[PDB]
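Chemist: return a 3D structure for these sequence lines:
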Amino acid sequence: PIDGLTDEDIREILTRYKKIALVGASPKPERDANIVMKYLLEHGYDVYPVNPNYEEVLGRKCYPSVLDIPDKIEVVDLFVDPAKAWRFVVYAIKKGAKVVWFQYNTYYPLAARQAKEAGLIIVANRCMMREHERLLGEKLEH
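Modeler: Numbering: from 1, shown residues only. The structure is reproduced below:
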């Protein structure tokens with residue numbers, strides 16, 4: 001992890017916030033963004049795809065910006081190149097999100113600091129799916 005949170009904090013984020021805006025969503029089954037999104041949807045999360053390059057992902061309308069999402073968003077999960085993250089962070093702030101989650105290889109210091117300064121929590125170099133499995137684990141077969 002790049003962030004300085006504890007496993008307890010991560011656990012809290014995953015347990016308390018169910019409204020997710022997944023930036024960089026993709027329809028390709030083999031893409032990490034698609035896998036994580038499906039996993040979250042299968043685990044009671046309300047996931048809103050965000051990508052200007054696509055019009056819908058996993059049977060959900062996909063927006064160009066998180067601001068275009070009608071409903072409340074608590075977590076903005078990033079699947080974007082680091083140099084592009086600032087944009088989504090500014091939008092996350094405007095949207096009133098609570099957390100900005102930088103998936104692997106998406107972290108960009110300046111963007112993270114801006115979010116932090118605005119009051120948002122930063123999760124970095126972690127995977128929402130991997131953390132869910134690690135922290136809110138369940139037996140693989142019952």
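Chemist: list the buried residues in the strand or helix carrying residue 37.
Modeler: In this assignment (DSSP states H and E), residue 37 forms part of helix 32-41. Neighbour counts over helix 32-41 (16 or more other CB atoms under 10 Å) mark 32-34, 36-37, 39-41 as buried. C-beta coordinates here come from the backbone N, C-alpha and C atoms, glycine included.
Chemist: distance of residue 111 relative to residue 102?
Modeler: 8 Å (CB to CB, to the nearest Å).
Chemist: check which element follows the helix or strand hosting residue 15 along the chain.
Modeler: Using DSSP H and E, residue 15 maps to helix 7-16. Sequence-wise, the next helix or strand downstream of helix 7-16 (DSSP H and E) is strand 19-23.
Chemist: need the buried residues of helix 32-41 in TSV (columns: distance to residue 59).
Modeler: Formatted as TSV, the buried residues of helix 32-41 follow (distance: CB to CB, whole Å):
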residue	distance to residue 59
32	19
33	15
34	12
36	16
37	11
39	15
40	14
41	9
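Chemist: wait, which of these is closest to residue 69?
Modeler: Checking the buried residues of helix 32-41 against residue 69 by CB to CB gives residue 37 as the nearest, at 14.3 Å.
Chemist: which ones are touching that closest one?
Modeler: 22, 25, 47, 49, 57-58 (CB atoms under 8 Å, 6 or more residues apart in numbering).
Chemist: before we move on, back to that, what lies in contact with the helix holding residue 15?
Modeler: 75, 99, 101, 121, 123, 126, 128, 131-132, 135-136.
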